[PDB]
Amino acid sequence: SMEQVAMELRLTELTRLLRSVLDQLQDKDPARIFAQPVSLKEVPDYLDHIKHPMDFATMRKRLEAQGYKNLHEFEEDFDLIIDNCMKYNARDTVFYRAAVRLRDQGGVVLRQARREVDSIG
């Protein structure tokens, strides 16, 4: 139908906007701490601690499959990156501190993204 196409164009445009959001968030991680999945070869107990691992490469795969239906779903995944890290790692670690900085800096980007998503519809 013509409606299914219109819907698919909206999703494509959301995917376009979320790709730009993802790029902007990932620049706030210049150490690349959150770029890839925590290695289960190197952290064999990880899944005993963290039930829903997340990282920027995994988000990008979902994004490019147009697998984010709305900004809420995308934000859920970004919050997992931060929250997983802040649980597994102690306060006095470079990992925890990186997550705090990512959270703080990402807030600004996500604030305007929400306005854009509502604004453009």
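If you read the sequence from its start, that first residue is 1, and numbering goes on from there.
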Is the closest side-chain donor-acceptor distance between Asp45 and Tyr88 under 3.5 Å?
yes

Can you see whether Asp23 engages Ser20 through a side-chain donor-acceptor pair at a distance of less than 3.5 angstrom?
no

Sub-3.5 Å donor-acceptor pair from the side chain of [X] to the main-chain atoms of [Y], do we have one?
X     : Y     : answer
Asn70 : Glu73 : yes
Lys51 : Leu47 : yes
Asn84 : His52 : yes

pair [X]-[Y]: side-chain heavy atoms closer than 4.5 Å:
X     : Y     : answer
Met59 : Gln26 : no
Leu22 : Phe74 : yes
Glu8  : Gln66 : no

Checking side chain to side chain contact (heavy atoms under 4.5 Å, CB included) against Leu63, which of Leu14, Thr58, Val21, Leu18 comes through?
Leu18

Rounded at 0.5 Å granularity, tell me how far [atom1] in [X] sits from [atom2] in [Y].
X     : Y     : atom1 : atom2 : value
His72 : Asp79 : NE2   : CG    : 9.0 Å
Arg60 : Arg19 : CZ    : CZ    : 8.5 Å
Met54 : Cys85 : CE    : SG    : 14.5 Å

Anything under 3.5 Å between a donor and an acceptor, one on a side chain of residues 89-100, the other on a protein residue two or more places apart or in another chain? List them.
unit_1 : atom_1 : unit_2 : atom_2 : d
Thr93  : OG1    : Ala90  : O      : 2.7
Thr93  : OG1    : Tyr96  : N      : 3.1

For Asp77, all residues meeting salt bridge (charged side-chain N to carboxylate O under 4.0 Å, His left out), sequence neighbours excluded:
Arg62

Taking only residues two or more places apart in sequence or in another chain, which ones pass salt bridge (charged side-chain N to carboxylate O under 4.0 Å, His left out) with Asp83?
none

Quick one, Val38 with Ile50, criterion side-chain contact (heavy atoms from CB on, under 4.5 Å). Give me CA distance, side-chain angles, the key distance, then yes/no.
CA-CA 10 Å; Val38 171; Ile50 297 300; over 6 Å; no

Before you tell me yes or no, could you show the steps for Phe34 and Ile81 under side-chain contact (heavy atoms from CB on, under 4.5 Å), namely the whole-Å CA-CA distance, both residues' side-chain angles and the distance that decides it to 0.1 Å?
CA-CA 7 Å; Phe34 304 105; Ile81 293 175; 3.5 Å; yes

Could you check whether the rings of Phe56 and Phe78 sit parallel, tilted or perpendicular, using 30° and 60° as the cut-offs?
parallel

Does atom CZ of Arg101 have more than 12 heavy-atom neighbours, drawn from other residues, nucleotides or ligands, at distances under 6.0 Å?
no

